[PDB]
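First comes the structure, then the notes that go with it.
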Amino acid sequence: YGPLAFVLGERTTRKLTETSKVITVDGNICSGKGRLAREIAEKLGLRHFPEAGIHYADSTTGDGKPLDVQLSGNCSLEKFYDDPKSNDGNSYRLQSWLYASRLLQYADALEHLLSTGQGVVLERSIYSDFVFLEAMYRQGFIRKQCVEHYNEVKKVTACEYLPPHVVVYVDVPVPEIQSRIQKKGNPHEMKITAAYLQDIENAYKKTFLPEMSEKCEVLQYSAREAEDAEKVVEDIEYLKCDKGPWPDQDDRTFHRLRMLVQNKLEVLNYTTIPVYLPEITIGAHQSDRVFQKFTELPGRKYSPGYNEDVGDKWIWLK
Amino acid sequence: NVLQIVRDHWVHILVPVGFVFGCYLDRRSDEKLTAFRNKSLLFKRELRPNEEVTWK
Amino acid sequence: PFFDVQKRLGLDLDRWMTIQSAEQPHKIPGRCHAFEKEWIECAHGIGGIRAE
Amino acid sequence: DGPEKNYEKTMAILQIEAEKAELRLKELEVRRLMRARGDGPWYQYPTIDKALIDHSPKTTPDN
Amino acid sequence: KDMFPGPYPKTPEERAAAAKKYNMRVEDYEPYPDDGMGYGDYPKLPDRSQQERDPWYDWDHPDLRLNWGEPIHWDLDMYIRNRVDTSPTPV
Amino acid sequence: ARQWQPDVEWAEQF
Amino acid sequence: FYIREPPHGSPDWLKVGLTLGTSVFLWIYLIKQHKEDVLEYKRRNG
Amino acid sequence: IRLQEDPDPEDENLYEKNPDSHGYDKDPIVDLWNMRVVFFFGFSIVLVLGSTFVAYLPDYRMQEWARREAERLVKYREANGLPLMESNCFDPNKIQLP
Amino acid sequence: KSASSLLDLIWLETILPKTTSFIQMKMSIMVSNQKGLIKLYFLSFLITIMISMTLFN
Amino acid sequence: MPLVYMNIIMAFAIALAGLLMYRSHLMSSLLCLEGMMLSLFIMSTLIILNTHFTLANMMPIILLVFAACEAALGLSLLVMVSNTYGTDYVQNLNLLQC
Amino acid sequence: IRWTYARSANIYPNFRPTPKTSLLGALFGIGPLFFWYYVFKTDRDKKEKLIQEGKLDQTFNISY
Amino acid sequence: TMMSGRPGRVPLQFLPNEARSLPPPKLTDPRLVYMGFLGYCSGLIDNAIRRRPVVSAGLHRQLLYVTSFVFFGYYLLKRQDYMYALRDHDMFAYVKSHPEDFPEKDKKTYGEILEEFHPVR
Amino acid sequence: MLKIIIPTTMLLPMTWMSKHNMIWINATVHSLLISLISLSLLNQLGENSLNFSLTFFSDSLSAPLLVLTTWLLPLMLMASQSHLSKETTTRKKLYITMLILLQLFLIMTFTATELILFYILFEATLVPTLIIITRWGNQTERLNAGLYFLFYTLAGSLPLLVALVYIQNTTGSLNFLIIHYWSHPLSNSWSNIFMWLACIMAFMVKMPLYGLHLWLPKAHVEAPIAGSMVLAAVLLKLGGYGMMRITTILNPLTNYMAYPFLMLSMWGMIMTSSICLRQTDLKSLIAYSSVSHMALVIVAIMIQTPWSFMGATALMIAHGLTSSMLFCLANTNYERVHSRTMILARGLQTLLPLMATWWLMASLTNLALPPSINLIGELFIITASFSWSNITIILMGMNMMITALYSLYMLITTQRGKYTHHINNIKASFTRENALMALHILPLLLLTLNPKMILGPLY
Amino acid sequence: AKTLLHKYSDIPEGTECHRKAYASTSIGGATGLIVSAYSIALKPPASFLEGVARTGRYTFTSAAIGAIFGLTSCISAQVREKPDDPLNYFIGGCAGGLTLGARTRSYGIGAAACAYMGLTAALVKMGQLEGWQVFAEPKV
Amino acid sequence: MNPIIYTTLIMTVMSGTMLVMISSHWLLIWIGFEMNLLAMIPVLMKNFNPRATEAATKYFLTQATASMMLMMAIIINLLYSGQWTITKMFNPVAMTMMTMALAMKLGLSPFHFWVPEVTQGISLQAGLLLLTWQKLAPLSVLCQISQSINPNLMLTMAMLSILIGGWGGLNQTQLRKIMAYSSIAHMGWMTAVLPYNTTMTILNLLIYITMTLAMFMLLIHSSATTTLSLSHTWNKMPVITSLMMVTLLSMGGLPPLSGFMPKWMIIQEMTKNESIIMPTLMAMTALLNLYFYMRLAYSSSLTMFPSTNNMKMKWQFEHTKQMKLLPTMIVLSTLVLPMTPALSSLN
């Protein structure tokens with residue numbers, strides 16, 4: 001898709017329908033939001049997006065097989081759970097990488113909505129990733145400058161996109177969250193502090209839910225209420241589409257957005273803002289070595305279709 | 001196989017071919033500058049029997 | 001770069017208004033028609049350097 | 001090769017280069033003369049074309 | 001970076017920091033006079049040749065009669081044992 | 001045993 | 001290999017043929033033009 | 001200030017992997033061939049053959065020719081009583097002095 | 001002292017490279033005033049017009 | 001030249017001076033720019049009429065049309081700037097420097 | 001490292017154009033140049049004078 | 001403007017008919033060969049920028065680059081030769097038409113002229 | 001001349017398409033072959049220059065330099081193998097290509113018949129040198145050194161470009177042959193004086209002249225070993241070659257305008273050698289010694305006597321070889337100790353005997369031990385200056401003394417004394433390093449046998 | 001404009017030193033006024049008094065430099081009795097540079113200005129004698 | 001902006017320039033300039049930003065003043081000559097005023113001030129258009145009136161342009177501002193030979209267009225507007241920054257790159273006209289341009305600045321957009337010096 005296709009007559013609004021809606025399911029750690037999101041997608045026919053992980057970009061490109069952490073992400077969630085105040089900057093590096101992954105996820109979702117026309121259900125989003133960073137700063141895990149840089153990156157990236165039509169919040173109390181985490185069994189999850197979960201909940205209810213409520217409907221559900229998928233789907237169906245800026249958009253603006261989301265590098269252009277924070281800054285020698293390792297990886301040396309090492313042929317005529 | 005040998009050591013003929021071609025190019029320029037074959041006031045001589053040119 | 005496409009294609013697009021001795025509507029003469037005609041006829045193809 | 005070959009080649013090269021120098025100086029002089037007189041094909045700045053002038057009977061007899 | 005020679009010390013605090021940098025006592029440390037010759041804060045060590053230094057003392061660098069970490073004279077190359085000698089003479 | 005490559009400080013001057 | 005099909009995959013074939021054809025036409029026109037110019041130059045210059 | 005690799009340790013001595021190293025690369029076979037190439041072409045060819053080539057380079061500086069011509073000229077000069085060397089590099093007859 | 005520092009590392013460098021570079025730096029600061037006000041450079045345009053009209057008549 | 005031509009040219013000069021010497025409002029600068037267009041209209045009209053350049057009597061009209069087009073442009077830019085800043089002050093245009 | 005740095009790197013940064021530095025720099029930079037120029041010029045002119053009057057002996061001075 | 005205003009110059013004409021009287025540039029002209037070299041380099045750079053094998057990807061693409069460069073270069077060289085021939089022709093004609101402005105200085109031999117000798121001592 | 005140029009060009013595709021394990025091997029092989037081919041050019045005629053074509057020619061001045069460059073390339077590759085062994089294949093090929101481009105440019109410079117073509121190529125040499133210094137330098141001062149070198153050379157060259165175009169406009173041709181046969185004396189007008197300055201200053205900058213030599217220490221010290229090799233072996237001689245060529249049309253104004261530069265160089269040799277005496281960096285010492293030895297050549301060129309020119313050519317070749325060798329030895333020591341401080345490593349003679357012998361021979365050549373070509377050139381220049389003025393012998397002899405002093409001082413400080421105890425990484429000398437030193441020394445000693453080849457066209 | 005340069009040039013070198021200096025002073029003052037106008041426009045003076053002060057300072061400095069240059073050059077030519085030496089202009093230029101340094105109350109500025117100004121003035125004299133054309137009339 | 005509308009506006013800008021280069025009537029040339037301005041403002045403000053609006057306003061103001069002065073000069077020439085053809089102007093005052101106006105349109109100093117500001121405000125594409133295509137029409141008008149152009153005034157403006165461009169470029173850190181000041185200097189170089197030989201100006205203009213096209217396209221491909229943002233490029237795409245190094249060296253003019261051709265030919269023509277001081281000063285001042293080019297090359301490719309962790313994600317994805325002309329433009333802007341004798345074709 002390009003300017004020519006828009007000139008030829010390809011209009012996104014023609015494909016878009018009432019079903020076409022961006023629904024984000026948000027909540028605290030281990031709130032069971034993923035199950036509800038899947039149920040919503042199945043009962044609305046929408047495309048569910050699993051929550052963006054460290055190797056989400058690895059799935060989108062190449063063979064989908066997650067690449068080495070040193071080559072893709074250079075951050076560990078498990079390390080953050082074990083040591084939230086490490087001197088390696090793993091906390092903020094992880095948070096920034098997650099934001100970049102979620103920015104890519106939101107763009108990947110929008111592109112699906114503007115090409116196929118099918119709605120999308122996403123587990124959290126960029127508009128919700130700030131909660132974890134705020135929690136980390138409250139706990140003292142990260143420094144203030146990290147928060148400042150994250151705000152800088154967000155303000156220059158998120159603005160280009162459109163907020164979700166429906167914001168579903170699964171409200172699970174912190175004690176129940178602790179109980180589930182203990183039942184979950186993950187030792188790193190067990191190491192999660194209760195204060196961190198409380199900060200996440202506070203950030204949600206005091207910043208995210210009101211601001212999203214201004215933009216669109218916020219269908220807050222209890223854990224018991226979320227179990228009733230039928231009710232959740234019905235409530236979303238009965239939400240006025242007026243909520244959200246999508247009714248205020250047209251084929252021209254949709255064309256701009258579609259061109260934006262297609263170019264993933266353009267989407268992630270400002271994720272690498274040249275602010276030198278020790279947590280994110282990577283030395284030149286290490287950068288060169290890691291990039292050389294990345295290029296050595298099969299399928300990454302040349303552009304897709306020209307990597308003969310993976311089986312591509314006819315390159316002499318390609 | 002000799003094929004494998006030339007397959008990996010073909011680049012070993014570039015510069016020798018370069019020298020051969022350069023000798024040819026130098027010879028070509030000399031041919032273009034044959035305007036005083038036996039017109040110098042120092043080496044002017046009659047062509048010997050069965051001599052096309054002095055190549056000078 | 002005066003790409004004289006007018007002369008190449010033999011099309012008059014602005015040469016009609018270049019001088020006042022050119023044909024004006026209803027053959028209305030210019031105030032200095034004679035003088036301009038004399039000057040142009042004198043300086044036709046002799047070059048700007050010589051015409052000066 | 002023989003020394004006479006290089007001798008003749010040097011003579012030819014000298015002739016070519018000297019003729020080039022003569023032509024370059026000649027060109028500079030010709031260009032200066034043409035640009036100072038406008039009597040040559042070069043530096044012929046355009047003038048008004050006499051074809052544009054209309055000699056058809058005007059309105060006022062004294063043109 | 002801070003372990004590199006700097007400008008002429010002006011405040012006594014600068015002098016103490018320079019003395020610490022060169023591993024010299026604050027009392028002993030003496031910068032070259034601020035004549036604008038580019039000496040900076042480098043210590044003005046006594047102008048005595050390496051030959052004068054005790055030949056029986058165990059030096060880290062025996063041929064140069066120097067110790068590791070010891071402040072090095074500005075004109076050490078001139079005052080090496082192979083060059084100009086400032087040792088006392090009988091007459 | 002590595003060529004000097006600009007640190008954060010060197011880039012900050014730009 | 002790739003999860004998503006390459007935007008290239010098999011050679012375009014149509015575009016490849018068009019490129020070959022354009023290059024061949026350029027060569028044919030160039031050679032014929034040079035031949036014509038040689039003949040015309042000889043004709044005009046004995 | 002930056003997450004960078006620690007300084008690479010002192011360059012691994014090529015002797016460590018293979019005691020017979022000759023320097024050059026790390027692979028022993030390619031080291032052997034590189035040393036053979038450098039020594040054969042560098043010493044056996046240029047240094048020897050080219051030295052012989054420039055040693056027997058044909059005299060185009062006209063040194064022997066100059067000496068022989070000088071001998072002939074000296075013979076003629078002495079035989080005819082003419083001075084061995086004149087005082088004018090060009091004949092005054094063809095010099096139209098102002 | 002006299003050769004190595006006084007001349008080579010001090011005066012010779014001060015006489016040619018250092019001086020020229022410092023002059024260039026000051027000129028760069030002057031040219032890139034970084035004010036960016038239409039009023040000022042348009043007044044400069046007016047001054048230029050007047051000066052050109054007087055000097056080149 | 002007749003004194004009327006001198007006065008019109010002087011009017012153009014005065015309007016140019018006012019335009020180049022801004023004070024506060026960008027609107028005032030646009031007024032000066034349009035005044036200059038008026039003065040040029042008057043000058044060209046008088047010249048064409050006196051010379052009886054019949055075929056060139058359309059030049060002032062074309063000048064007028066294009067003049068008002070470039071003005072429509074100026075006004076559109078002024079309102080964009082005012083809506084962004086709040087006033088049409090020339091000092092507001094300061095984000096871009098050098 | 002400090003010694004090597006101070007001997008070369010820190011020389012200019014601490015340098016100040018004091019009257020002493022300026023005077024010494026001038027008298028040891030251009031002083032010797034002017035002195036040698038004067039000496040050599042005088043010698044050359046003397047030899048040229050002798051050449052002009054033919055007094056200078058060049059009986060076997062055929063290599064120069 | 002030099003020859004931009006030459007008499008009889010048809011506007012927007014790349015190669016006038018009179019150029020055909022001049023010898024056509026040889027298809028093995030070294031300048032044309034350099035043009036083809038530039039085309040091949042362009043192909044290599046295009047491959048490099050698009051992260052595809054520099055020396056093998058899109059052989060048709062590189063071939064078209066070379067062909068386009070050579071094809072346009074042939075006419076470029078022909079026009080260049082035409083313009084230089086125009087220069088020489090006009091200069092010679094002007095010298096012929098203005099003999100007084102281009103006199104023939106008396107040719108004197110070195111034995112006659114006097115050049116001051118500057119001894120190198 | 002294309003018999004040399006075309007293979008040099010063909011080196012580039014070979015290096016780019018050579019296997020990662022064969023890059024150095026192929027490059028060295030064919031570079032040595034190209035040097036062998038270039039050896040044919042040494043058969044210069046007695047009077048006429050070898051005018052191969054309208055564009056390329058050679059004489060007894062150009063041919064030794066051409067052979068020197070073609071011979072220097074393989075040794076540069078051999079030296080560069082060590083430090084550029086952890087580099088990626090693409091960057092290693094890039095370095096090799098930069099070296100090949102530099103060699104090609106230098107060949108064309110030394111063979112160019114047209115003065116403006118020589119200017120173009122001799123200023124084209126800056127780009128590869130700048131890239132080599134700034135990209136593959138080891139210190140942080142490499143950027144400033146590259147800036148200094150580039151700006152010094154350009155500030156010298158641009159007035160030369162203007163002057164050359166002026167000469168082309170006035171004389172009508174810049175071909176060396178025509179410029180020499182149609183030579184016309186220059187008057188003493190200020191215009192002629194400034195033309196002479198424009199024609200001389202660029203080459204004065206190229207071969208370090210006291211006052212304009214500040215770029216050389218930085219460049220040589222910061223640049224990688226190969227870059228320093230070319231910088232001190234050919235790039236400096238570029239100035240001498242250009243000056244000797246251009247002085248043909250700069251007479252008799254040279255007689256009046258030489259005194260400033262002559263005195264500057266005659267005092268500069270002493271000053272720079274004294275600076276060498278009190279240096280703490282090995283590479284800096286080598287660079288300053290180069291400055292003095294090149295000031296000798298500057299004097300020789302300015303005097304314009306035949307003996308001076310012969311000695312200048314011989315000294316240029318000799319210094320190229322010696323300085324390259326000295327930098328290579330310093331590079332080996334630096335690679336082992338990872339520092340350029342001269343006093344850091346001591347008593348290396350005990351640990352590395354053969355490298356110490358190489359050091360001894362190189363230092364002997366540096367101090368012009370008879371009958372080395374170094375001494376031949378130095379003595380010829382000294383005799384020419386003595387003919388110019390008898391007072392010159394004072395400074396010349398003092399400079400000889402200081403050169404001997406600092407060379408032996410370098411040898412004693414590095415290859416003598418008590419070994420440094422803590423330095424334990426001094427491994428045995430590699431075969432490649434010894435071969436490099438041999439390929440630097442043996443040609444010079446052989447050249448002493450037949451000095452006529454490197455004695456220039458005035459022999 | 002060109003009339004001021006005419007005034008300076010018409011006065012023969014090494015003659016009418018007072019008049020020569022007067023003409024040079026007028027030229028320098030005009031240049032100072034131009035610089036003052038440009039400075040005031042680009043760098044707005046806070047007060048009209050500040051603008052007057054800046055204009056006066058720049059004009060006085062430039063005029064003083066011009067007066068010193070003219071007087072020094074003419075007097076040097078008179079004493080040496082050689083009106084065609086570039087050294088006269090060089091001495092005048094260095095004197096003007098020293099005056100600039102005094103006006104800026106900076107010895108380094110004065111020294112550098114002396115060197116550069118003296119060189120440029122000598123070059124101007126050399127061009128006046130040889131015929132160097134800064135803005136050559138198109139001739140080809 | 002709808003793509004059809006954008007294409008129409010671009011074609012309108014091109015048509016204005018073509019009218020300026022095709023017309024023989026002064027009024028039509030002024031009309032073409034007005035069309036260029038009218039269709040240029042929206043292109044400058046394609047991406048609505050306060051900085052973009054400020055840049056558009058400043059550009060409009062400057063170009064409007066220039067057009068006013070141009071039409072005034074045309075009217076004065078009509079008054080004193082009764083001529084509309086674009087030939088030798090017959091009034092000196094009109095000639096001076098027209099020169100001022102056309103220089104302001106070009107951006108020659110002291111009318112350079114607007115160029116860096118507008119270039120920084122507008123996007124990289126708009127910057128490319130402003131610094132390459134918008135330079136054609138005023139240069140064409142100047143070339144047609146070169147005979148009447150006062151050599152002194154034009155030479156002063158050109159030399160000041162070179163000096164000011166170099167100085168401004170030395171202090172800038174934003175890539176767009178560096179490009180703008182370098183453009184000012186190159187325009188000074190172009191207009192210096194305008195009174196002497198117009199074909200050399202055409203040559204310099206073509207080389208400048210190729211170089212600026214290559215540089216702007218490389219910046220767009222790297223999506224960098226500051227020195228640090230460009231420094232990060234080495235980690236992702238080293239080829240782009242290395243080619244940028246080559247193009248920067250060409251912009252400096254260092255032989256044997258293409259950038260030497262225009263300077264070489266310009267110096268040749270100026271020396272033929274007995275002007276020696278002016279070209280010497282021109283080259284010596286272009287050294288400053290070389291300095292800031294070298295600084296940019298240092299930061300971009302000659303040395304390696306620190307990168308960020310998020311670069312790993314960008315490594316995986318490949319640029320979708322493909323600028324077809326970029327390779328040819330790089331080649332033509334780097335390796336064309338062996339092809340100077342093709343200068344005759346311009347005549």
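Residues are named by chain letter and number: chains run A, B, ... in the order of the structure tokens, numbers start at 1 in each chain, and ligands are numbered from 1 in the order shown.
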
Give me, as a tab-separated table, the closest atom pair and its distance (Å, one decimal) for every residue of chain K within a cut-off of 8 Å of chain I, counting only C-alpha atoms, rows sorted by chain and rising number.
```
residue	atom	partner	partner_atom	distance
K:8	CA	I:9	CA	7.6
K:11	CA	I:9	CA	6.9
K:12	CA	I:10	CA	5.6
K:15	CA	I:10	CA	7.0
K:21	CA	I:6	CA	7.6
K:25	CA	I:6	CA	6.1
K:28	CA	I:2	CA	7.1
K:29	CA	I:7	CA	6.6
```

Could you dump the residues just selected with N, CA, C and O atoms as a PDB file, in the first residue's frame?
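The resulting selection.pdb:
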```pdb
ATOM      1  N   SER K   8      53.907  16.932  27.028  1.00  0.00           N
ATOM      2  CA  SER K   8      53.410  17.261  25.697  1.00  0.00           C
ATOM      3  C   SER K   8      51.994  17.822  25.696  1.00  0.00           C
ATOM      4  O   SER K   8      51.744  18.897  25.140  1.00  0.00           O
ATOM      5  N   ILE K  11      51.073  21.196  27.805  1.00  0.00           N
ATOM      6  CA  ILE K  11      51.916  22.368  27.561  1.00  0.00           C
ATOM      7  C   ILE K  11      51.069  23.558  27.125  1.00  0.00           C
ATOM      8  O   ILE K  11      51.050  24.606  27.778  1.00  0.00           O
ATOM      9  N   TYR K  12      50.378  23.396  25.997  1.00  0.00           N
ATOM     10  CA  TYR K  12      49.604  24.541  25.456  1.00  0.00           C
ATOM     11  C   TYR K  12      48.500  24.948  26.433  1.00  0.00           C
ATOM     12  O   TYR K  12      48.403  26.153  26.721  1.00  0.00           O
ATOM     13  N   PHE K  15      49.601  27.296  28.826  1.00  0.00           N
ATOM     14  CA  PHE K  15      50.396  28.412  28.251  1.00  0.00           C
ATOM     15  C   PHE K  15      49.620  29.727  28.314  1.00  0.00           C
ATOM     16  O   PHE K  15      48.436  29.740  27.931  1.00  0.00           O
ATOM     17  N   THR K  21      57.140  35.131  28.175  1.00  0.00           N
ATOM     18  CA  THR K  21      56.989  34.092  27.162  1.00  0.00           C
ATOM     19  C   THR K  21      57.076  34.680  25.763  1.00  0.00           C
ATOM     20  O   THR K  21      57.755  34.130  24.892  1.00  0.00           O
ATOM     21  N   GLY K  25      60.086  33.731  23.291  1.00  0.00           N
ATOM     22  CA  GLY K  25      59.685  33.075  22.065  1.00  0.00           C
ATOM     23  C   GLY K  25      60.145  33.825  20.835  1.00  0.00           C
ATOM     24  O   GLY K  25      60.658  33.225  19.893  1.00  0.00           O
ATOM     25  N   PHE K  28      64.123  33.629  20.493  1.00  0.00           N
ATOM     26  CA  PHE K  28      64.656  32.326  20.115  1.00  0.00           C
ATOM     27  C   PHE K  28      63.996  31.738  18.876  1.00  0.00           C
ATOM     28  O   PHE K  28      64.493  30.740  18.343  1.00  0.00           O
ATOM     29  N   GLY K  29      62.896  32.316  18.405  1.00  0.00           N
ATOM     30  CA  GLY K  29      62.291  31.865  17.172  1.00  0.00           C
ATOM     31  C   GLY K  29      62.831  32.576  15.956  1.00  0.00           C
ATOM     32  O   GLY K  29      63.330  31.934  15.028  1.00  0.00           O
TER      33      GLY K  29
END
```

Within 8 Å of range 14-23 of chain G, which residues of range 44-89 of chain L show up? Give each one with its shortest atom-to-atom distance in Å (one decimal) and the two atoms involved, counting only C-alpha atoms, rows by chain then rising residue number, as JSON lines.
```
{"residue": "L:60", "atom": "CA", "partner": "G:20", "partner_atom": "CA", "distance": 6.2}
{"residue": "L:61", "atom": "CA", "partner": "G:19", "partner_atom": "CA", "distance": 7.0}
{"residue": "L:63", "atom": "CA", "partner": "G:23", "partner_atom": "CA", "distance": 7.1}
{"residue": "L:64", "atom": "CA", "partner": "G:23", "partner_atom": "CA", "distance": 5.3}
{"residue": "L:67", "atom": "CA", "partner": "G:23", "partner_atom": "CA", "distance": 5.9}
{"residue": "L:68", "atom": "CA", "partner": "G:23", "partner_atom": "CA", "distance": 7.4}
```

Go ahead and write the residues just picked, C-alpha atoms, as a PDB file, in the first residue's frame.
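Contents of result11.pdb, freshly written:
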```pdb
ATOM      1  CA  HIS L  60      19.312  -7.556 -14.950  1.00  0.00           C
ATOM      2  CA  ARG L  61      19.245  -4.391 -12.824  1.00  0.00           C
ATOM      3  CA  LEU L  63      22.884  -4.685 -16.799  1.00  0.00           C
ATOM      4  CA  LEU L  64      20.213  -2.027 -17.309  1.00  0.00           C
ATOM      5  CA  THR L  67      23.247  -0.066 -20.760  1.00  0.00           C
ATOM      6  CA  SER L  68      21.523   3.190 -19.805  1.00  0.00           C
TER       7      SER L  68
END
```

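The interatomic distance for the pair CA of residue 169 in chain O and CA of residue 119 in chain O works out to 13.2 Å.
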
- prompt: Contacts of range 7-20 of chain E at 9 Å or less, counting only C-alpha atoms, minus same-chain residues fewer than 6 places along, as a ChimeraX atom specification?
  reply: /E:26-34,38-43 /K:10,13-14

Range 36-48 of chain C environment, 9 Å, only C-alpha atoms, sequence neighbours closer than 2 positions dropped, as a PyMOL selection string: (chain C and resi 19-21+32-34+50-52) or (chain D and resi 38-39+43-50+53-54) or (chain L and resi 7) or (chain O and resi 82+87-88)

If you count only C-alpha atoms, which residues fall within 8 Å of range 14-19 of chain L, apart from same-chain ones fewer than 2 positions away, as a PDB file with N, CA and C atoms, in the first residue's frame?
```pdb
ATOM      1  N   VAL L  10      19.455  26.078 -33.675  1.00  0.00           N
ATOM      2  CA  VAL L  10      18.060  25.691 -33.432  1.00  0.00           C
ATOM      3  C   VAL L  10      17.854  25.471 -31.938  1.00  0.00           C
ATOM      4  N   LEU L  12      16.785  24.147 -28.285  1.00  0.00           N
ATOM      5  CA  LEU L  12      16.467  22.847 -27.692  1.00  0.00           C
ATOM      6  C   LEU L  12      16.831  21.696 -28.627  1.00  0.00           C
ATOM      7  N   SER L  21      28.426  15.355 -39.839  1.00  0.00           N
ATOM      8  CA  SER L  21      29.646  15.471 -40.631  1.00  0.00           C
ATOM      9  C   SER L  21      30.880  15.113 -39.813  1.00  0.00           C
ATOM     10  N   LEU L  22      30.799  15.234 -38.494  1.00  0.00           N
ATOM     11  CA  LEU L  22      31.890  14.864 -37.610  1.00  0.00           C
ATOM     12  C   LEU L  22      31.901  13.353 -37.384  1.00  0.00           C
ATOM     13  N   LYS L  78      28.978  12.554 -28.334  1.00  0.00           N
ATOM     14  CA  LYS L  78      28.770  13.117 -29.665  1.00  0.00           C
ATOM     15  C   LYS L  78      28.512  14.619 -29.588  1.00  0.00           C
ATOM     16  N   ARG L  79      27.655  15.043 -28.654  1.00  0.00           N
ATOM     17  CA  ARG L  79      27.388  16.472 -28.488  1.00  0.00           C
ATOM     18  C   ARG L  79      28.635  17.225 -28.046  1.00  0.00           C
ATOM     19  N   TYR L  82      30.786  17.722 -30.947  1.00  0.00           N
ATOM     20  CA  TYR L  82      30.191  18.734 -31.814  1.00  0.00           C
ATOM     21  C   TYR L  82      30.492  20.138 -31.310  1.00  0.00           C
TER      22      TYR L  82
END
```

field: Shell of 8 Å around residue 212 in chain O, only C-alpha atoms, local chain residues under 4 positions omitted, as a list in words
entry: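 Non-adjacent residues within range: residues 128, 131, 132, 208 and 216 of chain O.
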
Written selection (N, CA, C and O atoms) as a tab-separated table (two decimals), in the first residue's frame:
```tsv
chain	number	residue	atom	x	y	z
O	128	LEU	N	14.92	19.58	0.81
O	128	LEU	CA	15.50	19.19	-0.47
O	128	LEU	C	14.94	20.03	-1.60
O	128	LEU	O	15.68	20.57	-2.42
O	131	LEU	N	16.15	23.73	-1.35
O	131	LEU	CA	17.57	23.97	-1.61
O	131	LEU	C	18.02	23.48	-2.97
O	131	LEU	O	19.16	23.76	-3.36
O	132	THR	N	17.19	22.74	-3.71
O	132	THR	CA	17.61	22.34	-5.05
O	132	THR	C	16.73	22.95	-6.14
O	132	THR	O	17.24	23.65	-7.03
O	208	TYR	N	26.03	20.72	-7.66
O	208	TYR	CA	25.41	21.03	-6.38
O	208	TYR	C	24.08	20.32	-6.22
O	208	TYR	O	23.76	19.81	-5.14
O	216	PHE	N	20.55	14.82	0.98
O	216	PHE	CA	19.21	14.86	1.57
O	216	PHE	C	18.55	13.49	1.54
O	216	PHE	O	17.88	13.09	2.50
```

- request: Taking only C-alpha atoms into account, report as a list in words which residues of chain A lie within 12 Å of chain H.
  value: residues 70, 74, 75, 87, 88, 89, 90, 93, 275, 276, 277, 278, 279, 280, 281, 282, 283, 284, 285, 286, 287, 288, 289 and 290 of chain A
